[PDB]
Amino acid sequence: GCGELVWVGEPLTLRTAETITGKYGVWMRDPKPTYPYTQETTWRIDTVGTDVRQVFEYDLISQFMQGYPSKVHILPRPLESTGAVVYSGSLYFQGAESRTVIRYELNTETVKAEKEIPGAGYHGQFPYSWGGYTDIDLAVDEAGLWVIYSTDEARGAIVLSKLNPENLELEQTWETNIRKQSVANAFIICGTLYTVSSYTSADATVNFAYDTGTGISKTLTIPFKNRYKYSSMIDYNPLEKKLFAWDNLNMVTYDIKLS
């Protein structure tokens, strides 16, 4: 049930971090859950600091919203920024101070693949507008795994590549005309990249679209509210058909409508 994004709902706060370590972070669910996890399993990473390794795992939504983790994973290498995703049983994350994406299989706590994203800027070269070393943003949509980044050759414009989820090979690449540092974040729905204009405003917008199927770029004016005035992470979950975001300590979700 795909289409163009035409509306974003009000943010709903599901959990609030209680310490500075969670001012920024990433939380997610697996759109292709695999044993022993389910569509309720949630992962949370508080990403302030320089040695981020703890991944909080919750078996049930109730636990994510009110309790302690069911399990804590300690990653073998520190993680960079807020761009990570979970897909088909693995956490895909960027190694700190690198352009390396790592596939970490959660049930075995094993690194199964690593890949430098060719030519990608990293560690503050092509972040989103808030900074935060957000140079490399993973994404899952209806067709699988992607990565959003930029390169010198692209002159800082958003590049996105489809990824093989097993071995992290790049399968196809598209170049937009959207300056990555000029937008607050981005996500992919049904093969179209969308960007958000501001990470602080209550009256931000989803302001650009790039359709990988047609090559066409568009401007948009869909309202987008940053309720807590500092959104560090905005991703799309194609199973729930919702946006998942992190806004100034708060793990929030937005409903959407597609044409």
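Residue indices: 1-based, along the sequence shown.
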Output the stretch having the higher mean C-alpha B factor in the entry; the candidates are 211 to 219 and 55 to 63. 211 to 219
With respect to the recorded C-alpha B factors, which stretch has the higher mean value, 225 to 233 or 32 to 40? 32 to 40
If you compare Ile136, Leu168, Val183, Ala139, which has the highest Cα B-factor in the entry? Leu168
In this PDB entry, which of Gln125, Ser90, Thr82, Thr110 has the top CA B-factor? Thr110
Entry-reported C-alpha B-factor of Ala202 relative to its chain, by third, is highest
Taking the entry's C-alpha B-factors for this chain, is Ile102 in the lowest, middle or highest third? middle
Among the chain's modelled residues, which third holds the C-alpha B-factor of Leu14? middle
Please say which third, lowest, middle or highest, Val252 falls into when its CA temperature factor is compared across its chain. middle
Binned into thirds over the chain's modelled residues, the C-alpha B-factor of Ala143 lands in the highest
